[PDB]
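One is the number of the first residue; the rest follow in order along the sequence.
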Amino acid sequence: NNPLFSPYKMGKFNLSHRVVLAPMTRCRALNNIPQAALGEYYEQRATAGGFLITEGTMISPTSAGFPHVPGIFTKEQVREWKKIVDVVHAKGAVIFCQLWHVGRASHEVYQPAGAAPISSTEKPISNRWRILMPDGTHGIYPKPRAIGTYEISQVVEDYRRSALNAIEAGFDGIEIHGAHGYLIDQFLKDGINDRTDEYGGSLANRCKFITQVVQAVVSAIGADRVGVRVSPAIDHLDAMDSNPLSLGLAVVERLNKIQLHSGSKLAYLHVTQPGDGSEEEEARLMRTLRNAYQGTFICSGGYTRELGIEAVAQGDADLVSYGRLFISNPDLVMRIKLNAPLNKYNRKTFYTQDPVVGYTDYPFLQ
Ligand SMILES: Cc1cc2nc3c(=O)[nH]c(=O)nc-3n(C[C@H](O)[C@H](O)[C@H](O)COP(=O)(O)O)c2cc1C
């Protein structure tokens, strides 16, 4: 009866249901190397024909702003990801790697040689926000270095090489992290991008970086293995746009044009929202971006079982991603299918390093 359990064709991938694991940073990938613990964690959540998105994954030595997040820029990282991808595929699941650059949302402790983080801008995140340090304290975001356009093209190549590494590890595809005030969003949002060259100012200029990143990974691995995540109206790390709907529609137009020029559709567009009870206004934004995009749409942010069912039933979205409920409900798909009670999550262990505690020790349904 439940449309969340109707099958869906995501490009080449035949999904058996519409419940998606949203990407979440958990900081168990010690020294940026995927660990056996990650394999247990993703395997617990994998289902036959279900779609998983990994935690954000570094594309370069300078792309991190969290401790013990995995990378996919070295061959050592590729070898260890392969072991995780294999156990997920042994469950019949489809898995994409999220490619993540934090831009100015970093700190000397996270950068090679303690160098400054990079951004569209030379302005620091304001002291309204604090960065989680490796010792569990909260530190001050430093002044970033505004990069020139050659360096922009080098970052684009980091995305491209990371996408090829993800394919080498056996991932089904990659997702571009263009959300939450990180590097791509620092170019998109006119509340951050103060550039006066061809990457700042107009909507077209502000959309150049995400267009070039998506085009590069499309050319390398094929559009149907590329998803794109954005958040036009999440206020995180001083990310704000004067006209969020207009910015979101401008991004969607770029994606439609990339598809037209390459003769193929992307895997999906993934839009995430605050989702913390603004409900009607947020729902209208989500539906407006979905209606403008020629392809598969994943909605994200505060969805419940009931709101996910409604989203698919009403044609508002094709797939529904869940984040926090998947932390504490490894069998979330099954609980949603059965309408079984959901278990709470322990916020304290979202970002700790233990390979079991708060990570793989949340039980299945009895
Ligand atoms: C601990 C935690 C880590 C997260 N890490 C990421 C991440 O690496 N990349 C990303 O795009 N979103 C990340 N998110 C955001 C989630 O993917 C999701 O969009 C958000 O939690 C809202 O969905 P929900 O209400 O279902 O939890 C994270 C969220 C949490 C709580």
Query raised in the report: So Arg160 and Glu157, salt bridge (charged side-chain N to carboxylate O under 4.0 Å, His left out) or not? Walk me through it.
Result: CA-CA 5 Å; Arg160 201 189 64 94; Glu157 176 70 13; 2.8 Å; yes

If only side-chain N and O atoms count, and only distance matters, is there a donor-acceptor pair under 3.5 Å linking [Y] with [X]?
X      : Y      : value
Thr360 : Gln44  : no
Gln259 : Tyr293 : yes
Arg229 : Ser300 : yes
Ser264 : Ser262 : no

Report summary line: Which of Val320, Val312, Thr47, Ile336 passes side-chain contact (heavy atoms from CB on, under 4.5 Å) with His17? It is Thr47

Is the shortest side-chain N to carboxylate O distance from [X] to [Y] below 4.0 Å?
X      : Y      : result
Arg45  : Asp331 : no
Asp238 : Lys189 : no
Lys75  : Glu168 : yes
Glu151 : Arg145 : yes
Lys83  : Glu80  : yes

Query raised in the report: Between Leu342 and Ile327, is there a shared hydrophobic cluster once you connect ILVMFWY residues whose side-chain heavy atoms come closer than 4.5 Å?
Result: yes

Query raised in the report: Do the side chains of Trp81 and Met24 join up, straight or via other hydrophobic residues, at under 4.5 Å, putting them in one cluster?
Result: yes

Between [X] (side chain) and [Y] (backbone), is there a donor-acceptor pair under 3.5 Å?
X      : Y      : value
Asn31  : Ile33  : no
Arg104 : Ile118 : no
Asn329 : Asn343 : yes
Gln35  : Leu30  : yes
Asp318 : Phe297 : yes

Report task. Assess whether side-chain contact (heavy atoms from CB on, under 4.5 Å) is satisfied between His138 and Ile131, documenting all intermediate values. Result -> CA-CA 5 Å; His138 279 87; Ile131 189 170; over 6 Å; no

Query raised in the report: Is the gap between the ring centers of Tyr268 and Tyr8 under 6.0 Å?
Result: no

Query raised in the report: Would you say the ring centroid of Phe171 lies under 6.0 angstrom from that of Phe96?
Result: no

Query raised in the report: Can the positive tip of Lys337 be found less than 6.0 Å from the middle of the six-membered ring of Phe5, inside 45° of the ring normal?
Result: yes

Query raised in the report: Can you check side-chain contact (heavy atoms from CB on, under 4.5 Å) on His180 and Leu237, steps first, answer last?
Result: CA-CA 7 Å; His180 302 142; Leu237 308 179; over 6 Å; no

Requested in this report: Quick one: sort the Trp100 and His177 rings into parallel, tilted or perpendicular, breaks at 30° and 60°.
Outcome: parallel

Query raised in the report: Would one find more than 12 heavy atoms of other residues, nucleotides or ligands at under 6.0 Å from atom CZ of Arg287?
Result: yes

